[PDB]
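What follows is one structure encoded as structure tokens, with my remarks underneath.
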Ligand SMILES: [Fe+3]
Ligand SMILES: [Fe+3]
Ligand SMILES: [Fe+3]
Ligand SMILES: [Fe+3]
Ligand SMILES: [Fe+3]
Ligand SMILES: [Fe+3]
Ligand SMILES: [Fe+3]
Ligand SMILES: [Fe+3]
Ligand SMILES: [Fe+3]
Ligand SMILES: [Fe+3]
Ligand SMILES: [Fe+3]
Ligand SMILES: [Fe+3]
Ligand SMILES: [Fe+3]
Ligand SMILES: [Fe+3]
Ligand SMILES: [Fe+3]
Ligand SMILES: [Fe+3]
Ligand SMILES: [Fe+3]
Ligand SMILES: [Fe+3]
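Protein chains in written order, with the UniProt record's numbering: chain W, 3 to 172; chain X, 2 to 171; chain G, 2 to 172; chain A, 2 to 172; chain Y, 3 to 172; chain E, 3 to 172.
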């Protein structure tokens, strides 16, 4: 075993590797969404900028887990990053509904990971997940919630143009 | 018809937050009373006046942060009457701090109960929120009030109350 | 019996001030409720959340100024239960501002009554305090809310609500 | 019909760009793996960790510029799975830069093929794009990796690896 | 019972007092190691500086636990500080292996203390330990793992001089 | 024998090692006194700060002697640090009387060490001790004498609060 490994269970190591893959998957999906809004027949630059940023942040989420794996003396194990569900994402509202479903799936994954760590009495790993993931996920779901509400409010056409400029770009 | 953001948030936890919101508001109202008691012409302790107004304001912030939490998790804020404080007149500086210590310990037990409920429903995010934002401020507040009581017993009545008020509360 | 500072301050006027203090806190709590309703994920109007949060804080300040006045005059603050707000849910931006107009007019009438009472007891300093600090703020608040209602009717539902919230309430 | 912006852009060139995007992402993921390998407690080379993290990031930028180019020309981005890196463990600093040279040359050949395809369809825009942003960075990248390999052979294993990591990669 | 004491078990109070002694014992060991590297026949100034700093940090760890004891209304009980295991600590690599051993020993003590807190539903004591101690320890252990790896890599003689200058002095 | 050793007797080397232990024992006593004044039922923050600072200075005194040991080519030999004489230290005036006792005890130890140096014609060790230790000790003793006198003058209760604020906190 690694010289630094202490109170770190093989199932927890495995759970971190699974979460790294899911974070990379979310990153790639937002990347797809970002460049969909950059198409000449879509042309919502606020969404393009917003989802690009989201993609970057999800990559940082993966890196912090890779960093965590090494601190605890686990070994990073990488799998393929599955291509996103769709090639085209529809409206601003459609894209946000996809984002909410993705964020809730990631959140349930992190809640299962936390539960795993608690079951093995990994107090460090519980603290780490609670401090860096669980509140960002709640805040992210709430933010997407609000976007969906406002996108239904502003409607289609001019409303989308304005929401894109005022709320995603600025 | 669950909230679109709601995930791993029990109805009993929702109700527990609403109960804590009322308790925080109640504490704010009690400090407000105490603050204006020390502004009476026949009491006239400006340090205490300023101290307890600030305590009132902080308790209102504690309530707001739980209202914010309730909305983040997709629960619904339900407001009740704020009960008038226990007394119209609060006696000496020492008497007011003995009241505060009893209040803080009451609020603390309520936060420990609320944390216990969250843990019993495996609401790991709610555990972290309460630990991060409430449990250590409560411990620091109780210790601070203990030190105040100790010092108010030491300085005694009359000149000591005037000095303590100027040196430690103002 | 009376405070060493008390001069020309009738017990009915002392009682009137305690009743105004309660009304101010009641209005604070109502705006607080409204503020957190606009922060719900299924309403999500951040401009209104911010506006009503500030209104809540202001009304608490109006209560504090009265508690401070009570003590200046040597009256004694007497606090009562702060009644829960009328509604749990407040509907549209328009519905919320219509509630505010109603609330602000109720508070105004109460202050005008209190001023009446002060004058009936020839409490000139109390008349001056009420006129100086409350009667014009009240007039200005009711005008401001009237303008809000007019503009919320003009912009309509949907896009207009989003724009009004961002342009007028947030900024 | 075709995109309103599409002019002188062949479907095989579109396909080529999509294949290059996947390759750039593949390269990015490989450098990511290498980066975190050097962060292991039993490898502990902080310069190389920082260096390969930065290489991972730049490759992702290379991918983004081609997606941007795809949309500029009125083509459509088609994403495929990103294949996991070929190894879990990357050996020495020298071994890692040997993998990097192999990878950089493979990507260069794919860019030279893409350029040949552009020229074959008389896509002057695309030739110029590839030559301006890709062909020279790739030559510079290969030269840089070549110099790293030579220097890592010069310095030894052991002390030399620590010194090179701190003096050359941590910069 | 202290006026401030609430939800603080005697066994948790005892464990805090045990931890304080352990923190002070680590401090004294680091102090010894620091002054060994200052001997004219050892003369590694980077190590002297580094281990002095480690000695100072461990004393701070002890202080934070004494402060916590008082905050919770426990009473600080102090025991002899046992002299370090050796008078002489060998090579840079020998000293770092001692450090990894010590840090892993301390960490197990903190994981046990956290376990005790949890067994008594001391929610605030769990938060305290995880926030201030559990992640610091995992960072400390990883950093020492990294030192050992690099000290094996650089070898003895010239490598030790350079490591001491380039990594420990800076 | 150390390459650096010249005109340094074994008995002087032994006395330096004795002094180091005494400096560390004083440091630990001051640490105990410091954290007693931090208890919720004592709560004298000026004393807490003052005795913490004294604790830090005594550790520095120990360090300077370990440095001197190494400069002269003696070898540092460390012994257990004996727990302080009391767990509880009474009044501000009680703690200062303990301090005068401790400081006079240390000073006699330094005067004996100086005597030993002189008996071995260790001219540089006489200079070291007189320069760094003998006048500091006389200043320390006078300052504590002054505290005791002023603590008798101010009396208990209000006087202790004011002295703690006005003299020890500043
Ligand atoms: Fe994420
Ligand atoms: Fe890193
Ligand atoms: Fe996310
Ligand atoms: Fe509170
Ligand atoms: Fe808010
Ligand atoms: Fe409180
Ligand atoms: Fe008002
Ligand atoms: Fe005031
Ligand atoms: Fe108003
Ligand atoms: Fe590239
Ligand atoms: Fe772009
Ligand atoms: Fe490249
Ligand atoms: Fe420690
Ligand atoms: Fe302190
Ligand atoms: Fe440590
Ligand atoms: Fe000393
Ligand atoms: Fe030194
Ligand atoms: Fe001293």
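Even for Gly, the Cβ is constructed at its ideal location relative to N, Cα and C.
Looking at the backbone, the Cα of residue 31 (chain A) and that of residue 112 (chain Y) are separated by about 38 Å. Residue-level contact by beta carbon holds for residue 6 (chain W) and chain Y, with a gap shorter than 7 Å. DSSP lists X:83 as the bridge partner or partners of residue 83 (chain G).
In the DSSP assignment, residue 133 (chain A) falls outside any alpha helix (DSSP H), carrying neither H nor E. By the 16-neighbour rule on beta-carbons within 10 angstroms, residue 48 (chain Y) is buried. A straight line joining the alpha-carbon of residue 45 (chain Y) with that of residue 64 (chain Y) spans about 29 Å. Proximity of chain G to residue 161 (chain W) at the Cβ level (cut-off 8 Å) is accounted for by 159, 160 and 163, in chain order. Using a Cβ distance threshold of 7 Å, residue 128 (chain X) and residue 142 (chain X) do not count as a contacting pair.
DSSP, read as helix, strand or coil, puts residue 71 (chain G) in helix.
The C-alpha of residue 137 (chain G) lies about 51 Å from the C-alpha of residue 54 (chain W). Put simply, the region 57–71 of chain G does not touch the region 3–18 of chain A. Fewer than three CB pairs are less than 8 Å apart. At least one heavy atom of ligand 16 lies less than 6 Å from the C-beta of residue 63 (chain E).
Here residue 162 (chain A) is near residue 94 (chain A), since their CB atoms are less than 7 Å apart.
Straight across, the Cα-Cα distance linking residue 77 (chain X) with residue 41 (chain G) is about 8 Å. Assignment of residue 124 (chain E) by DSSP, reduced to helix, strand and coil, places it in the coil class. By the neighbour-count definition (other C-beta atoms within 10 Å, threshold 16), residue 140 (chain A) is an exposed residue. Residue 149 (chain X) places its beta carbon less than 7 Å from that of residue 98 (chain X).
Bounds of the alpha helix (DSSP H) holding residue 28 (chain E) are 12–38. With its beta carbon less than 7 Å from one in chain W, residue 72 (chain A) belongs to the interface. At least one CB atom of chain G sits nearer than 7 Å to the CB of residue 148 (chain W).
Between residue 91 (chain E) and residue 165 (chain E), the gap from beta carbon to beta carbon reaches 7 Å or more. Within chain E, the residues placing a beta-carbon under 8 Å from that of residue 75 (chain Y) are 42, ordered along the chain.
Not a single C-beta of chain X is nearer than 7 Å to the C-beta of residue 21 (chain Y).
Of the heavy atoms belonging to ligand 6, at least one sits nearer than 6 Å to the Cβ of residue 105 (chain X).
Less than 7 Å separates the beta-carbon of residue 85 (chain E) from that of residue 81 (chain Y). Short of 7 Å from the beta carbon of residue 34 (chain G), and not among the five residues preceding or following it, lie these beta carbons of its own chain, in chain order: 86.
In the DSSP assignment, residue 148 (chain X) falls within the unbroken alpha helix (DSSP H) covering 137–156. Residue range 160–165 is occupied by the alpha helix (DSSP H) that includes residue 160 (chain E). One finds nothing in chain W with a Cβ atom closer than 9 Å to the Cβ of residue 47 (chain A); even the nearest lies about 12 Å away.
Residue 64 (chain A) carries a helical assignment under DSSP once its states are collapsed to helix, strand and coil. Taking the Cβ atoms as the reference, residue 170 (chain A) lies roughly 7 Å from residue 51 (chain A), within the contact range of under 8 Å.
Taking residue 22 (chain Y) as the centre and dropping the five residues before and after it, the same chain places the C-beta of 64, 67, 68, 71, 78 and 80 closer than 8 Å to its C-beta, in chain order.
Setting aside the 5 residues that flank it on each side, residue 36 (chain A) is surrounded in the same chain by 50, 53, 54 and 57, each with a C-beta closer than 7 Å to its C-beta; the list follows chain order. Identification of chain E residues near residue 83 (chain Y) by a Cβ-Cβ cut-off of 9 Å yields 26, 30, 82, 83, 84 and 85, ordered along the chain.
Residues of chain Y whose Cβ lies closer than 7 Å to the Cβ of residue 51 (chain A) do not exist; the shortest such Cβ separation is about 14 Å. The residue from E:116, E:158, E:145 and E:75 with its alpha-carbon nearest to that of residue 135 (chain E) is E:116.
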